[PDB]
Every structure is written in structure tokens, then in C-alpha cells.
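To start, the structure itself, in C-alpha cells.
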Amino acid sequence: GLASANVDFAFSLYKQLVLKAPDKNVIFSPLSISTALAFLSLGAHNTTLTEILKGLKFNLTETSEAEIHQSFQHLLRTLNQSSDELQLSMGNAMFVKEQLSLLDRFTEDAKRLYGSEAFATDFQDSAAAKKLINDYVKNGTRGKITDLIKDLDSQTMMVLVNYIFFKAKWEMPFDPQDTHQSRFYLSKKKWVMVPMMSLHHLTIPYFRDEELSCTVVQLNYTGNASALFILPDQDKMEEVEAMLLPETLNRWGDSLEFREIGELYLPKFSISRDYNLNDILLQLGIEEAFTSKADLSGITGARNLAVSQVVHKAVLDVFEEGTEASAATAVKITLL
Amino acid sequence: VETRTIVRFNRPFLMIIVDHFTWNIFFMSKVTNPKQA
């Protein structure tokens, strides 16, 4: 009943990203961002706290703080699986200014609920602290996310970091013998030649959404993960995007049925994006955390901390054998 | 006349990587231009 909040947040953030640049590729991990902001909210009070929690789309008349954090705690317990079949890991860390004493409640909550690692860092040497954090993220993403942090202010007091790593095989993998170059239309007029993978005579969950002018198909991974592909009719992408809502996802899930598909063609591709999320989070109602009125006194006991920036980077690689994706989020907290 | 189904991802599309049980979203993406590795 709380996955709907995370889906609400995912789609609300997506729409803001697309409004600013409607023709760019998009890749991000909403779960990484949600977890990082919930982690941060362990130290928040009053308006700063309620804005973060409502910004994450939780209903505070129906859910307690404890229930929210427990839902992230439970999620983290499952998102740590490992076999050649499917690798999925997620980790949280706090980089703490040297000599800065944290509240017992904050430290204990972070360890218990987010499984966080902690590192004392001298933020006065911003290049060293940057290297430290970027290497931590590089290790957690198995080399896939490098340079998460492009700059750090020397007045930084704490950085909260979340990373996610995903490597999976298709339940029905494509055979590269049947991958051939054909056209992908960027627009009705502009096309590019790309390797199109193909599958034949396949039975998969399928739904033609005539009302929303799009086709939905589900391609499973080996393991507890799936890929949902949504193909809007030409020129309908912007309206399909507006229909991205938890109820739409639920309706798609209820409407998928096994169907025999004669031919399916999917391109190989590898995309990457990085973001500064300050403006979008402000659009979602997270405001006081970024200002001199921030109330993050639940971290050290002093109300002298504000969020300077929230940054995110993510990569997606799709190919015949499976998919590799990873992302990381950093919440930079500076001294007031 | 037979009925058949063909799916061609040859224009911008969405890809959502989800947990099997909760359908929590691990990754959200839109491919407007399929760049190569």
C-alpha cells in the first residue's frame, strides 16, 4: 500500500524531467532518490520534515513516520540478492565531517533502518572528499557510475549517498544472429540505423491500450524483476506521459494477458543521464530543506544544516543476453 | 485471413524495470534516441 507512494513519486519526478527537456533520453532510479530523501528525513523536523515526506508522496494522515522508514527498511532487505542469475544490490552511506558528533538517535536509526555505512571525512579538502565519495559509488556500482560528485563546497558537513546496482538475464534472451540493422525513427522525418534485436513466435504478457494509444509488453528477467515496455503511437508520447499514474500502472498490470506475438523487435542501446534535482524537488514541494530555515537539527542537535544540492546519475544498457542498470544519489548538506 | 501481432520498438518508447512482487520501480526510462555502447 506504500509502493503506490513510490510509484506516484517516480512518475511525478519523471514528468518534471520531461517538461524541462522533452526530447532527451531519460534514465533514473526513483527508488534510489526516494531512499536517499527518506534517509535524510531521519534528521528533519517540523515543516522541513513534512515537506520531504509529502514530497515523496506519502499520505501523512494514513501512515506514520515509523511505517514509512520500515517500508524502506524492508525494501532494502530484498534488494540485496546475488547469483549469476540476477544481481541486485543497494547501499546507503553517510560521509560525516571530521570531529562532528552525531545524535545517538540519528546514528542508531540510520544503521537499523537504512543499513548505512559511515565515514569521517575532512571536507576542507574538497578534492579528497570528492574522490572518497566517488570511489565509494564506483565500487558499489561495479564501475558503472563514476564521477557522481562533480564538485563539493568546502563548507560541506555531511553527504548522504545511495547507490543501486542491477544485472539480469532475460527469461527469453535474444539471439545475436537475428540482430540486424534497421531504422529507428527519432521523429516522423528523422531516422537512425540501429541494431534491432528480435524474437519470434513468442508468448508474453501483452496489452494494446487503444484508449491511451499505446502498446504494453512485459519481458521478464530470470529472478524477481521484469521490464515493462510501453510503445506510444506516433505523436502520442506526450499524452501517454501525462497518463503515467499509479492507477494507470495498476490498470496495465490487470490488463496484460499472455498473447502469441509473431515478431518483436527491440533495439540494443546504452544511455546515461545525470541531474541536479534541486529545481524539480522544489516543484514537488520540498523547499525549506534548501534554505536558512531548514530544520535538520535531528542530525547533530544543531539547526545549522541545510541541503545544498541533490544530484543523481544513472545508466541503462540493454542487449541480447539481458540488462545492466545502476544509479546513485547524493544529498549534499552544508553549514549555515 | 489470419490474425497476427507484430511489435516494433522503432520510435520513442518507455522502459520500466520493476520488482516482481510489489512492482516498485527500480529504473524509469524513456528512449527517444537509442545510442550505442
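Ligands are numbered from 1 in the order shown, residues from 1 within each chain, and chains are lettered A, B, ... in the order they appear in the C-alpha cells.
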Could you please tell me, as a PDB file with N, CA, C and O atoms, in the first residue's frame, which residues of chain A have an atom within 6 Å of chain B when using only C-alpha atoms?
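Now in selection_14.pdb:
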ATOM      1  N   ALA A   3       3.941   1.027  -1.889  1.00  0.00           N
ATOM      2  CA  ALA A   3       4.570   1.065  -3.205  1.00  0.00           C
ATOM      3  C   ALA A   3       3.891   2.093  -4.100  1.00  0.00           C
ATOM      4  O   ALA A   3       4.526   2.656  -4.998  1.00  0.00           O
ATOM      5  N   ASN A  25      16.698  11.529 -23.991  1.00  0.00           N
ATOM      6  CA  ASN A  25      16.593  10.262 -23.281  1.00  0.00           C
ATOM      7  C   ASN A  25      16.464  10.521 -21.786  1.00  0.00           C
ATOM      8  O   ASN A  25      17.007  11.492 -21.256  1.00  0.00           O
ATOM      9  N   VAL A  26      15.747   9.635 -21.098  1.00  0.00           N
ATOM     10  CA  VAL A  26      15.607   9.712 -19.646  1.00  0.00           C
ATOM     11  C   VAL A  26      16.044   8.381 -19.055  1.00  0.00           C
ATOM     12  O   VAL A  26      15.638   7.325 -19.546  1.00  0.00           O
ATOM     13  N   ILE A  27      16.871   8.424 -18.010  1.00  0.00           N
ATOM     14  CA  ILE A  27      17.110   7.239 -17.194  1.00  0.00           C
ATOM     15  C   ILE A  27      17.399   7.698 -15.770  1.00  0.00           C
ATOM     16  O   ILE A  27      18.274   8.538 -15.542  1.00  0.00           O
ATOM     17  N   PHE A  28      16.652   7.154 -14.814  1.00  0.00           N
ATOM     18  CA  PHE A  28      16.924   7.435 -13.407  1.00  0.00           C
ATOM     19  C   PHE A  28      16.342   6.308 -12.571  1.00  0.00           C
ATOM     20  O   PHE A  28      15.555   5.492 -13.055  1.00  0.00           O
ATOM     21  N   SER A  29      16.779   6.244 -11.310  1.00  0.00           N
ATOM     22  CA  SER A  29      16.233   5.262 -10.380  1.00  0.00           C
ATOM     23  C   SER A  29      15.386   6.011  -9.356  1.00  0.00           C
ATOM     24  O   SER A  29      15.932   6.647  -8.442  1.00  0.00           O
ATOM     25  N   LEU A  31      13.701   4.767  -6.966  1.00  0.00           N
ATOM     26  CA  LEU A  31      13.894   4.128  -5.666  1.00  0.00           C
ATOM     27  C   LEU A  31      15.156   4.629  -4.977  1.00  0.00           C
ATOM     28  O   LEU A  31      15.169   4.807  -3.754  1.00  0.00           O
ATOM     29  N   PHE A 184      15.315   3.306 -36.704  1.00  0.00           N
ATOM     30  CA  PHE A 184      14.587   3.837 -35.558  1.00  0.00           C
ATOM     31  C   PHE A 184      14.252   5.289 -35.861  1.00  0.00           C
ATOM     32  O   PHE A 184      15.154   6.086 -36.140  1.00  0.00           O
ATOM     33  N   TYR A 185      12.971   5.634 -35.801  1.00  0.00           N
ATOM     34  CA  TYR A 185      12.529   6.971 -36.182  1.00  0.00           C
ATOM     35  C   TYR A 185      12.518   7.871 -34.951  1.00  0.00           C
ATOM     36  O   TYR A 185      11.657   7.727 -34.076  1.00  0.00           O
ATOM     37  N   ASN A 224      13.400 -12.029  -9.652  1.00  0.00           N
ATOM     38  CA  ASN A 224      12.244 -11.257  -9.211  1.00  0.00           C
ATOM     39  C   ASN A 224      12.245  -9.843  -9.788  1.00  0.00           C
ATOM     40  O   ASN A 224      12.124  -8.858  -9.059  1.00  0.00           O
ATOM     41  N   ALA A 225      12.377  -9.736 -11.109  1.00  0.00           N
ATOM     42  CA  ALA A 225      12.375  -8.445 -11.780  1.00  0.00           C
ATOM     43  C   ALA A 225      11.818  -8.613 -13.189  1.00  0.00           C
ATOM     44  O   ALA A 225      11.946  -9.676 -13.805  1.00  0.00           O
ATOM     45  N   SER A 226      11.209  -7.549 -13.696  1.00  0.00           N
ATOM     46  CA  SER A 226      10.630  -7.549 -15.032  1.00  0.00           C
ATOM     47  C   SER A 226      10.862  -6.191 -15.679  1.00  0.00           C
ATOM     48  O   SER A 226      11.044  -5.185 -14.994  1.00  0.00           O
ATOM     49  N   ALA A 227      10.835  -6.174 -17.010  1.00  0.00           N
ATOM     50  CA  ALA A 227      10.830  -4.939 -17.782  1.00  0.00           C
ATOM     51  C   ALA A 227       9.464  -4.758 -18.429  1.00  0.00           C
ATOM     52  O   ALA A 227       8.976  -5.660 -19.125  1.00  0.00           O
ATOM     53  N   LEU A 228       8.856  -3.601 -18.188  1.00  0.00           N
ATOM     54  CA  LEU A 228       7.626  -3.180 -18.850  1.00  0.00           C
ATOM     55  C   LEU A 228       7.971  -2.167 -19.930  1.00  0.00           C
ATOM     56  O   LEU A 228       8.527  -1.106 -19.630  1.00  0.00           O
ATOM     57  N   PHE A 229       7.620  -2.478 -21.169  1.00  0.00           N
ATOM     58  CA  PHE A 229       7.858  -1.591 -22.294  1.00  0.00           C
ATOM     59  C   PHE A 229       6.526  -0.998 -22.731  1.00  0.00           C
ATOM     60  O   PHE A 229       5.519  -1.710 -22.804  1.00  0.00           O
ATOM     61  N   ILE A 230       6.511   0.309 -22.981  1.00  0.00           N
ATOM     62  CA  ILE A 230       5.299   0.999 -23.419  1.00  0.00           C
ATOM     63  C   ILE A 230       5.640   1.751 -24.695  1.00  0.00           C
ATOM     64  O   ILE A 230       6.542   2.599 -24.699  1.00  0.00           O
ATOM     65  N   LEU A 231       4.935   1.427 -25.774  1.00  0.00           N
ATOM     66  CA  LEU A 231       5.188   1.986 -27.100  1.00  0.00           C
ATOM     67  C   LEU A 231       4.025   2.893 -27.506  1.00  0.00           C
ATOM     68  O   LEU A 231       2.985   2.397 -27.971  1.00  0.00           O
ATOM     69  N   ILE A 261       2.883 -13.545 -30.067  1.00  0.00           N
ATOM     70  CA  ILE A 261       3.436 -12.431 -30.823  1.00  0.00           C
ATOM     71  C   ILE A 261       4.318 -13.026 -31.913  1.00  0.00           C
ATOM     72  O   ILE A 261       5.257 -13.780 -31.624  1.00  0.00           O
ATOM     73  N   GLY A 262       4.002 -12.718 -33.170  1.00  0.00           N
ATOM     74  CA  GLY A 262       4.748 -13.320 -34.262  1.00  0.00           C
ATOM     75  C   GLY A 262       6.180 -12.829 -34.322  1.00  0.00           C
ATOM     76  O   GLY A 262       7.110 -13.618 -34.498  1.00  0.00           O
ATOM     77  N   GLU A 263       6.374 -11.522 -34.158  1.00  0.00           N
ATOM     78  CA  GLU A 263       7.680 -10.882 -34.252  1.00  0.00           C
ATOM     79  C   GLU A 263       7.721  -9.746 -33.244  1.00  0.00           C
ATOM     80  O   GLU A 263       6.764  -8.970 -33.156  1.00  0.00           O
ATOM     81  N   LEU A 264       8.826  -9.646 -32.505  1.00  0.00           N
ATOM     82  CA  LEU A 264       9.106  -8.495 -31.654  1.00  0.00           C
ATOM     83  C   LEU A 264      10.503  -7.984 -31.967  1.00  0.00           C
ATOM     84  O   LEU A 264      11.459  -8.768 -32.012  1.00  0.00           O
ATOM     85  N   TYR A 265      10.622  -6.675 -32.159  1.00  0.00           N
ATOM     86  CA  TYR A 265      11.896  -6.036 -32.461  1.00  0.00           C
ATOM     87  C   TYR A 265      12.184  -4.971 -31.415  1.00  0.00           C
ATOM     88  O   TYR A 265      11.367  -4.068 -31.201  1.00  0.00           O
ATOM     89  N   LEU A 266      13.361  -5.066 -30.792  1.00  0.00           N
ATOM     90  CA  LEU A 266      13.787  -4.133 -29.743  1.00  0.00           C
ATOM     91  C   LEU A 266      15.235  -3.737 -30.020  1.00  0.00           C
ATOM     92  O   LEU A 266      16.079  -4.621 -30.228  1.00  0.00           O
ATOM     93  N   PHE A 269      20.728  -0.710 -26.905  1.00  0.00           N
ATOM     94  CA  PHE A 269      21.011   0.689 -26.624  1.00  0.00           C
ATOM     95  C   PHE A 269      21.699   0.806 -25.274  1.00  0.00           C
ATOM     96  O   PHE A 269      21.606  -0.084 -24.433  1.00  0.00           O
ATOM     97  N   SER A 270      22.386   1.932 -25.086  1.00  0.00           N
ATOM     98  CA  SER A 270      23.096   2.211 -23.843  1.00  0.00           C
ATOM     99  C   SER A 270      23.035   3.718 -23.622  1.00  0.00           C
ATOM    100  O   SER A 270      23.631   4.473 -24.395  1.00  0.00           O
TER     101      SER A 270
END
task = From the DSSP assignment of the backbone, select every residue of region 97-336 of chain A that is strand (DSSP E), and format the answer as a ChimeraX atom specification.
result = /A:97,117-121,156-169,180-185,191-209,214-220,225-232,257-267,269-276,305-318,322-335
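Ranking A:12, A:206, A:23, A:267 by their shortest atom-to-atom distance to residue 237 (chain A), with only C-alpha atoms included, puts A:23 first.
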task = Between CA of residue 218 (chain A) and CA of residue 204 (chain A), measure the distance and give it in Å to one decimal.
result =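 The value is 6.6 Å.
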key: residue 105 (chain A) environment, 10 Å, only C-alpha atoms, sequence neighbours closer than 2 positions dropped, as a PyMOL selection string   = chain A and resi 42-43+102-103+107-110+298-300
Residues just named, written with N, CA and C atoms as a compact mmCIF listing (two decimals), in the first residue's frame:
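Output file out.txt follows:
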# COMPACT_ATOMS: atom_id res chain seq x y z
N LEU A 42 15.30 11.27 8.38
CA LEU A 42 15.59 10.85 9.75
C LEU A 42 16.08 12.00 10.62
N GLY A 43 16.70 13.01 10.01
CA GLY A 43 17.23 14.14 10.73
C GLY A 43 16.38 15.39 10.70
N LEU A 102 27.44 13.12 15.99
CA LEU A 102 26.06 12.90 15.59
C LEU A 102 25.21 12.48 16.78
N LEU A 103 23.91 12.76 16.70
CA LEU A 103 22.99 12.30 17.74
C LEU A 103 22.90 10.78 17.74
N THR A 107 22.19 8.17 14.43
CA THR A 107 23.10 7.08 14.12
C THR A 107 22.42 5.72 14.24
N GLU A 108 21.67 5.53 15.33
CA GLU A 108 21.02 4.24 15.55
C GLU A 108 19.92 3.99 14.52
N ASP A 109 19.13 5.03 14.20
CA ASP A 109 18.08 4.88 13.18
C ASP A 109 18.69 4.58 11.82
N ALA A 110 19.77 5.28 11.46
CA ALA A 110 20.38 5.08 10.14
C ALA A 110 20.90 3.66 9.98
N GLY A 298 17.86 17.18 13.83
CA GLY A 298 17.88 15.79 14.22
C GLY A 298 19.11 15.02 13.80
N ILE A 299 20.08 15.67 13.16
CA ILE A 299 21.32 15.02 12.77
C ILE A 299 22.38 15.15 13.86
N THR A 300 22.65 16.38 14.32
CA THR A 300 23.64 16.61 15.37
C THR A 300 23.09 17.27 16.63
inquiry  = What's around residue 62 (chain A) at 12 Å? Count only C-alpha atoms, leave out sequence neighbours fewer than 4 positions away in its own chain, and write the answer as number ranges by chain.
reply    = A: 1-2, 5, 54, 57-58, 66-68
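DSSP on the backbone gives helix (DSSP H, G or I) for these parts of region 185-267 of chain A: residues 237, 238, 239, 240, 241, 242, 246, 247, 248, 249, 250, 251, 252, 253, 254 and 255 of chain A.
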Output the selection as an mmCIF file, in the first residue's frame - N, CA, C and O atoms for each residue.
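The result, written out as part_27.cif:
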data_model
loop_
_atom_site.group_PDB
_atom_site.id
_atom_site.type_symbol
_atom_site.label_atom_id
_atom_site.label_comp_id
_atom_site.auth_asym_id
_atom_site.auth_seq_id
_atom_site.Cartn_x
_atom_site.Cartn_y
_atom_site.Cartn_z
ATOM 1 N N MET A 237 3.378 10.407 -27.531
ATOM 2 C CA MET A 237 4.231 10.195 -26.357
ATOM 3 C C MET A 237 3.890 11.171 -25.235
ATOM 4 O O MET A 237 3.812 10.776 -24.065
ATOM 5 N N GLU A 238 3.680 12.452 -25.565
ATOM 6 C CA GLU A 238 3.455 13.443 -24.515
ATOM 7 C C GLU A 238 2.176 13.144 -23.738
ATOM 8 O O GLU A 238 2.119 13.340 -22.515
ATOM 9 N N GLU A 239 1.149 12.636 -24.420
ATOM 10 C CA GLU A 239 -0.100 12.324 -23.728
ATOM 11 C C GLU A 239 0.010 11.027 -22.929
ATOM 12 O O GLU A 239 -0.523 10.930 -21.812
ATOM 13 N N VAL A 240 0.722 10.033 -23.457
ATOM 14 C CA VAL A 240 0.967 8.831 -22.664
ATOM 15 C C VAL A 240 1.740 9.194 -21.405
ATOM 16 O O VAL A 240 1.467 8.671 -20.318
ATOM 17 N N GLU A 241 2.693 10.123 -21.523
ATOM 18 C CA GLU A 241 3.446 10.551 -20.347
ATOM 19 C C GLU A 241 2.528 11.180 -19.304
ATOM 20 O O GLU A 241 2.675 10.926 -18.103
ATOM 21 N N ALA A 242 1.557 11.986 -19.749
ATOM 22 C CA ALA A 242 0.629 12.606 -18.808
ATOM 23 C C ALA A 242 -0.230 11.563 -18.103
ATOM 24 O O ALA A 242 -0.715 11.801 -16.985
ATOM 25 N N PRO A 246 -0.191 6.009 -10.787
ATOM 26 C CA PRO A 246 -0.254 4.667 -10.180
ATOM 27 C C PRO A 246 -1.457 3.873 -10.655
ATOM 28 O O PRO A 246 -1.349 2.660 -10.873
ATOM 29 N N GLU A 247 -2.604 4.530 -10.851
ATOM 30 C CA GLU A 247 -3.775 3.821 -11.357
ATOM 31 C C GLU A 247 -3.566 3.307 -12.775
ATOM 32 O O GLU A 247 -4.104 2.251 -13.135
ATOM 33 N N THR A 248 -2.829 4.048 -13.602
ATOM 34 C CA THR A 248 -2.546 3.573 -14.955
ATOM 35 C C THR A 248 -1.654 2.348 -14.916
ATOM 36 O O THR A 248 -1.872 1.388 -15.662
ATOM 37 N N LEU A 249 -0.637 2.368 -14.054
ATOM 38 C CA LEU A 249 0.233 1.206 -13.943
ATOM 39 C C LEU A 249 -0.550 -0.002 -13.453
ATOM 40 O O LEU A 249 -0.369 -1.113 -13.961
ATOM 41 N N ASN A 250 -1.449 0.206 -12.487
ATOM 42 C CA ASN A 250 -2.277 -0.885 -11.983
ATOM 43 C C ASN A 250 -3.184 -1.433 -13.070
ATOM 44 O O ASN A 250 -3.329 -2.651 -13.205
ATOM 45 N N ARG A 251 -3.813 -0.543 -13.845
ATOM 46 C CA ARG A 251 -4.675 -0.986 -14.934
ATOM 47 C C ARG A 251 -3.894 -1.784 -15.966
ATOM 48 O O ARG A 251 -4.367 -2.824 -16.437
ATOM 49 N N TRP A 252 -2.696 -1.315 -16.334
ATOM 50 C CA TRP A 252 -1.867 -2.101 -17.247
ATOM 51 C C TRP A 252 -1.586 -3.481 -16.671
ATOM 52 O O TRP A 252 -1.707 -4.491 -17.374
ATOM 53 N N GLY A 253 -1.232 -3.545 -15.381
ATOM 54 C CA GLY A 253 -0.948 -4.832 -14.764
ATOM 55 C C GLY A 253 -2.143 -5.763 -14.787
ATOM 56 O O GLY A 253 -2.008 -6.963 -15.042
ATOM 57 N N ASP A 254 -3.335 -5.221 -14.547
ATOM 58 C CA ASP A 254 -4.532 -6.050 -14.590
ATOM 59 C C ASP A 254 -4.929 -6.437 -16.007
ATOM 60 O O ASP A 254 -5.660 -7.417 -16.181
ATOM 61 N N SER A 255 -4.469 -5.704 -17.023
ATOM 62 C CA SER A 255 -4.938 -5.940 -18.385
ATOM 63 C C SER A 255 -3.990 -6.788 -19.226
ATOM 64 O O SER A 255 -4.411 -7.304 -20.268
#
